[PDB]
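Asker: First the structure, which I've put down as structure tokens, then a few questions once you've had a look.
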There are 4 protein chains.
Amino acid sequence: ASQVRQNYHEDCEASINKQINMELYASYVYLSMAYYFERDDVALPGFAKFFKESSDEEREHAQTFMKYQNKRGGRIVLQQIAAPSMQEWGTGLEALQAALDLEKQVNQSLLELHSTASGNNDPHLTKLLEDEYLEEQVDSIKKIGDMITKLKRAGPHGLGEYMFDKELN
Amino acid sequence: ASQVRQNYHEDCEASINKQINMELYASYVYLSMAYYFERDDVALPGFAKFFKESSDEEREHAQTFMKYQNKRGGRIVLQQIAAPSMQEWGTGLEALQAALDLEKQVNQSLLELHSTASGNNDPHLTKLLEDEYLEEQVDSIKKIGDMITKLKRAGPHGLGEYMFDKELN
Amino acid sequence: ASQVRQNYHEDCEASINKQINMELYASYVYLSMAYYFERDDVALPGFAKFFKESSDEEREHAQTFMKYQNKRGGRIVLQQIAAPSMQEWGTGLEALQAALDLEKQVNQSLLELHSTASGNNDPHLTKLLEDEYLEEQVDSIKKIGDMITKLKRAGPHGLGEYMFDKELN
Amino acid sequence: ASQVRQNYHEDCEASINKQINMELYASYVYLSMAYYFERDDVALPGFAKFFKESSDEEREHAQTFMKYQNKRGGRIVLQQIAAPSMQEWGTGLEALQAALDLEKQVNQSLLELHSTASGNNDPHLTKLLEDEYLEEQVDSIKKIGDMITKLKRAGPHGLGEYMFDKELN
């Protein structure tokens with residue numbers, strides 16, 4: 001084993017690898033969305049910007065997990081990153097609905113991983129999950145909820161979609 | 001011939017002259033639009049500003065071609081600049097539709113001139129077209145497309161036309 | 001078709017989509033390398049930094065192509081990103097050898113795409129390839145060659161690998 | 001009992017006292033090493049500096065635990081600090097091997113103390129351990145692992161030891 005490894009269970013190691021794949025998947029989904037919103041026939045720069053930032057963030061999370069794996073003396077195993085579920089994401093509202101649903105799946109996975117970490121008595125890993133993942137995830141989910149409500153109020157189509165988009169830019 | 005002229009075919013020289021006429025025509029059309037949008041009964045200052053800038057840009061392009069003609073040792077032959085197709089341009093949307101058709105005709109003409117230049121093996125002229133004309137043209141066509149989509153979303157009439165006009169100003 | 005599309009052949013559109021997949025694949029390979037070199041049992045921070053930068057660069061290239069596709073009025077089709085060929089990359093020297101083969105495959109693909117674009121008479125696309133892709137690719141291949149020679153001189157193992165690693169950091 | 005004491009079990013109190021002794025022991029070991037490396041017949045200033053800093057850090061940790069004991073209304077009981085295991089630490093590599101092994105014993109003890117804290121439902125103490133001890137310990141262990149690998153690559157004797165030492169200075 002690694003000269004550094006201590007109190008680091010193989011299931012926690014494997015589950016972090018799955019989490020890295022998942023964060024990269026989400027990055028990729030958001031990148032799809034970001035550029036869908038720069039189509040000449042879509043043209044929503046605020047949504048574009050929002051998803052571009054989200055793509056970058058999810059990539060940073062994957063990287064934090066890669067760094068963590070190495071830190072504990074685990075070994076990073078990288079898998080294929082699936083194509084995003086869609087090529088076209090419909091309205092702004094629909095894209096946010098899909099992001100909300102995605103963010104919650106990621107959150108579910110993070111909580112499962114917390115539970116595995118707790119059952120294996122790994123308080124270094126529960127603390128990482130709490131400080132670096134679970135708080136962010138909760139803020140994100142709140143923010144997207146807020147956005148969805150604001151957009152349904154403003155629009156969610158036509159002028160209201162146009163105006164809401166400006167608040168994101 | 002000119003003491004400077006080298007590898008500069010007369011068809012490329014004549015085609016540049018046509019192109020100067022065309023850029024000046026486009027300048028003039030945009031000038032018409034610019035001031036149509038400062039009519040008391042129209043009053044769209046953002047559209048006005050956008051077409052005033054476009055009119056200036058197209059005059060600069062014409063001038064760049066005049067300068068190029070002289071660089072190569074060609075001789076500038078200036079023709080009549082036609083009256084614009086219209087005196088009144090309708091809605092903001094309609095004016096943008098007309099700019100889009102105009103920008104595309106200009107693009108087609110630039111590509112024809114590129115093709116004449118490649119067939120006459122003149123890489124100095126193909127490079128000019130790529131660097132100074134074809135790129136700006138493509139960005140400009142993208143930009144107008146985006147604008148048209150944004151305006152159809154926002155308006156394209158009434159409150160939406162009024163708000164969209166503000167993002168241009 | 002798109003309101004913006006002009007002189008943009010479907011084969012060039014499809015080939016750009018392949019190219020985006022390829023640049024993202026390369027990004028991913030370099031990400032793998034970057035973090036392989038932060039393993040406690042590897043510990044080559046200069047190599048790590050070099051491949052982390054390369055991973056970022058290749059993601060930016062992919063994004064530039066996504067943006068280009070939209071500029072031209074094409075439609076971005078995102079595919080599965082394959083797992084990297086390896087999980088462990090051996091020595092610094094071996095990793096650079098693999099980057100060199102990778103950079104060259106990418107170059108070959110960019111040249112094929114240039115050739116498709118010239119055969120379809122699309123000088124806007126040949127210009128993009130020359131300005132934004134082919135030049136960086138050639139510099140990058142030169143740079144990696146230089147690095148390989150420098151590392152073979154210095155090391156390529158032991159004290160020499162350690163010192164060479166410092167010039168990258 | 002102390003006017004402040006709440007939810008603070010006597011076993012957690014006693015175990016913190018043992019932890020204070022241990023941190024001071026480690027400080028002392030590192031101080032030994034720090035000055036072994038300023039012997040005229042050793043002369044490794046980077047290793048000297050590294051261990052001097054580590055000595056200071058471990059003393060600060062002991063002090064943080066002293067402050068914590070008082071904070072919860074426990075009573076600090078200070079014991080003799082054992083002589084370090086050795087008077088001479090051999091090569092730089094050997095000293096780092098011994099530090100790695102020491103850091104892991106401290107880490108084991110910290111995790112035992114976390115477990116005692118969890119079993120006594122003391123989330124104030126689990127949180128202290130997570131934020132102020134366990135993260136530091138893990139970073140430290142990673143860093144020393146990295147160092148060991150870098151030194152085995154560079155040297156671990158002769159010129160390579162000399163050069164590696166300069167990276168620590």
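Chain identifiers are assigned as A, B, and so on, following the order in which chains appear in the structure tokens; residues are numbered from 1 within each chain, and ligands are numbered from 1 in order of appearance.
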Any chance you could lay chain B over chain C, fitting all C-alpha atoms in order by least squares, and write the moved chain as a short mmCIF file (atom, residue, chain, number, x, y, z; two decimals) with C-alpha atoms, in the first residue's frame?
Answerer:
data_model
loop_
_atom_site.label_atom_id
_atom_site.label_comp_id
_atom_site.auth_asym_id
_atom_site.auth_seq_id
_atom_site.Cartn_x
_atom_site.Cartn_y
_atom_site.Cartn_z
CA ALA B 1 -31.16 25.93 -41.61
CA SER B 2 -29.69 28.55 -39.33
CA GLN B 3 -30.37 32.18 -40.26
CA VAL B 4 -26.54 32.69 -40.12
CA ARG B 5 -25.29 29.75 -42.13
CA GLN B 6 -23.41 30.60 -45.26
CA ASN B 7 -20.88 28.56 -47.22
CA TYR B 8 -20.62 26.02 -44.44
CA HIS B 9 -20.61 22.42 -45.58
CA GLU B 10 -22.04 19.61 -43.49
CA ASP B 11 -18.83 17.57 -43.66
CA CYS B 12 -16.94 20.50 -42.17
CA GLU B 13 -19.68 20.73 -39.49
CA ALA B 14 -19.37 16.95 -38.63
CA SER B 15 -15.58 17.01 -38.71
CA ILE B 16 -15.54 19.93 -36.15
CA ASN B 17 -17.76 17.82 -33.86
CA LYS B 18 -15.18 15.00 -34.07
CA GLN B 19 -12.47 17.46 -33.39
CA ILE B 20 -14.24 18.76 -30.24
CA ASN B 21 -14.47 15.14 -28.99
CA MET B 22 -10.80 14.72 -29.73
CA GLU B 23 -9.65 17.89 -27.95
CA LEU B 24 -11.71 16.86 -24.90
CA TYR B 25 -10.19 13.43 -24.97
CA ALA B 26 -6.76 15.04 -24.95
CA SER B 27 -7.72 17.33 -22.08
CA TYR B 28 -8.76 14.29 -20.12
CA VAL B 29 -5.54 12.37 -20.82
CA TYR B 30 -3.53 15.37 -19.59
CA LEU B 31 -5.69 15.65 -16.49
CA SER B 32 -4.86 11.99 -15.76
CA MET B 33 -1.17 12.71 -16.17
CA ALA B 34 -1.31 15.84 -14.05
CA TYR B 35 -2.68 13.94 -11.08
CA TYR B 36 -0.56 10.79 -11.65
CA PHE B 37 2.40 13.13 -10.96
CA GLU B 38 0.95 14.25 -7.62
CA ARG B 39 0.90 10.66 -6.32
CA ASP B 40 2.93 10.41 -3.06
CA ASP B 41 5.06 7.72 -4.77
CA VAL B 42 5.70 9.89 -7.84
CA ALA B 43 5.93 13.50 -6.66
CA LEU B 44 6.95 15.43 -9.76
CA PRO B 45 5.31 18.85 -9.28
CA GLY B 46 6.79 20.38 -12.43
CA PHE B 47 5.40 17.60 -14.62
CA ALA B 48 2.13 17.91 -12.74
CA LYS B 49 1.90 21.63 -13.43
CA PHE B 50 2.88 21.15 -17.09
CA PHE B 51 0.13 18.62 -17.75
CA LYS B 52 -2.45 20.51 -15.71
CA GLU B 53 -1.80 23.53 -18.01
CA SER B 54 -1.92 21.34 -21.08
CA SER B 55 -5.27 19.87 -19.90
CA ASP B 56 -6.67 23.36 -19.50
CA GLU B 57 -5.36 24.46 -22.90
CA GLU B 58 -6.94 21.48 -24.73
CA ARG B 59 -10.29 22.22 -23.01
CA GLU B 60 -10.06 25.82 -24.24
CA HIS B 61 -9.39 24.54 -27.78
CA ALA B 62 -12.50 22.36 -27.58
CA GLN B 63 -14.46 25.33 -26.42
CA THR B 64 -13.12 27.51 -29.25
CA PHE B 65 -14.41 24.88 -31.68
CA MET B 66 -17.79 24.82 -29.94
CA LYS B 67 -17.96 28.58 -30.26
CA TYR B 68 -16.89 28.37 -33.90
CA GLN B 69 -19.58 25.79 -34.72
CA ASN B 70 -22.19 28.20 -33.37
CA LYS B 71 -20.65 31.16 -35.21
CA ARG B 72 -21.08 29.34 -38.50
CA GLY B 73 -24.59 28.12 -37.63
CA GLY B 74 -23.60 24.50 -37.16
CA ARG B 75 -24.96 22.39 -34.29
CA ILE B 76 -22.70 20.97 -31.61
CA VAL B 77 -23.10 17.21 -31.09
CA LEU B 78 -21.27 15.99 -27.99
CA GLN B 79 -20.23 12.36 -27.62
CA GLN B 80 -18.80 10.11 -25.03
CA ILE B 81 -15.24 11.03 -23.91
CA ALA B 82 -13.22 7.81 -23.76
CA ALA B 83 -11.28 6.79 -20.67
CA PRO B 84 -7.55 7.65 -21.04
CA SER B 85 -5.43 4.85 -22.64
CA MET B 86 -3.67 4.36 -19.24
CA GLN B 87 -4.11 4.88 -15.51
CA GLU B 88 -0.37 5.12 -14.80
CA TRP B 89 2.04 6.84 -17.09
CA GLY B 90 5.45 5.48 -15.95
CA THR B 91 8.36 7.91 -15.99
CA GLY B 92 8.27 11.56 -16.84
CA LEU B 93 10.03 10.61 -20.04
CA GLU B 94 7.33 8.07 -20.96
CA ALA B 95 4.54 10.52 -20.25
CA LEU B 96 6.20 13.07 -22.56
CA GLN B 97 6.63 10.41 -25.22
CA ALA B 98 2.94 9.69 -24.97
CA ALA B 99 2.11 13.44 -25.12
CA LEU B 100 4.24 13.81 -28.17
CA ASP B 101 2.32 10.90 -29.93
CA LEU B 102 -0.94 12.49 -28.78
CA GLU B 103 -0.12 15.99 -29.96
CA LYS B 104 0.88 14.54 -33.34
CA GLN B 105 -2.37 12.57 -33.75
CA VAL B 106 -4.26 15.76 -32.97
CA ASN B 107 -2.16 17.62 -35.47
CA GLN B 108 -2.90 15.01 -38.13
CA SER B 109 -6.60 15.30 -37.48
CA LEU B 110 -6.36 19.16 -37.71
CA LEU B 111 -4.58 18.88 -41.03
CA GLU B 112 -7.26 16.48 -42.35
CA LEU B 113 -9.90 18.94 -41.26
CA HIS B 114 -7.94 21.73 -43.04
CA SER B 115 -7.90 19.63 -46.20
CA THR B 116 -11.69 18.94 -45.98
CA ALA B 117 -12.18 22.71 -45.52
CA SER B 118 -10.00 23.64 -48.54
CA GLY B 119 -11.69 21.03 -50.72
CA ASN B 120 -15.05 22.57 -49.74
CA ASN B 121 -13.66 26.10 -50.45
CA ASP B 122 -14.22 27.47 -46.96
CA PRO B 123 -11.50 30.05 -46.36
CA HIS B 124 -13.05 31.17 -43.08
CA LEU B 125 -12.44 27.64 -41.75
CA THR B 126 -8.92 27.32 -43.22
CA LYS B 127 -8.06 30.61 -41.58
CA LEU B 128 -9.34 29.47 -38.14
CA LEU B 129 -7.34 26.26 -38.44
CA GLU B 130 -4.17 28.12 -39.38
CA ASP B 131 -4.47 30.88 -36.76
CA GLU B 132 -5.91 29.17 -33.72
CA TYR B 133 -4.93 25.47 -34.06
CA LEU B 134 -2.08 24.61 -36.43
CA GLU B 135 0.37 27.17 -35.07
CA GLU B 136 -0.18 26.23 -31.40
CA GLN B 137 0.09 22.61 -32.32
CA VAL B 138 3.42 23.04 -34.05
CA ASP B 139 4.85 25.10 -31.16
CA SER B 140 3.63 22.53 -28.70
CA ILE B 141 5.11 19.60 -30.60
CA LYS B 142 8.44 21.56 -30.79
CA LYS B 143 8.30 22.30 -27.13
CA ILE B 144 7.71 18.66 -26.17
CA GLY B 145 10.50 17.50 -28.46
CA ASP B 146 12.87 19.99 -26.77
CA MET B 147 11.71 18.78 -23.35
CA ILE B 148 12.34 15.15 -24.31
CA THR B 149 15.86 15.96 -25.49
CA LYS B 150 16.55 18.00 -22.31
CA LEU B 151 15.28 15.26 -20.10
CA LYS B 152 17.32 12.55 -21.95
CA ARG B 153 20.37 14.78 -21.39
CA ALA B 154 19.68 15.64 -17.80
CA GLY B 155 18.40 12.21 -16.72
CA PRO B 156 16.20 10.70 -17.82
CA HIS B 157 16.05 9.13 -14.32
CA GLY B 158 17.14 9.90 -10.80
CA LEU B 159 18.87 13.20 -10.14
CA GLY B 160 18.35 14.36 -13.69
CA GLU B 161 14.59 13.75 -13.65
CA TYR B 162 14.46 15.63 -10.32
CA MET B 163 16.36 18.65 -11.67
CA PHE B 164 14.47 18.78 -15.01
CA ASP B 165 11.21 18.67 -13.07
CA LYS B 166 12.36 21.93 -11.32
CA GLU B 167 12.68 23.80 -14.66
CA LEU B 168 9.00 23.04 -15.29
CA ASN B 169 7.73 24.23 -11.96
#
Asker: Mind checking DSSP for range 50-155 of chain C and telling me the alpha helix (DSSP H) residues as number ranges by chain?
Answerer: C: 50-72, 92-119, 123-128, 135-154
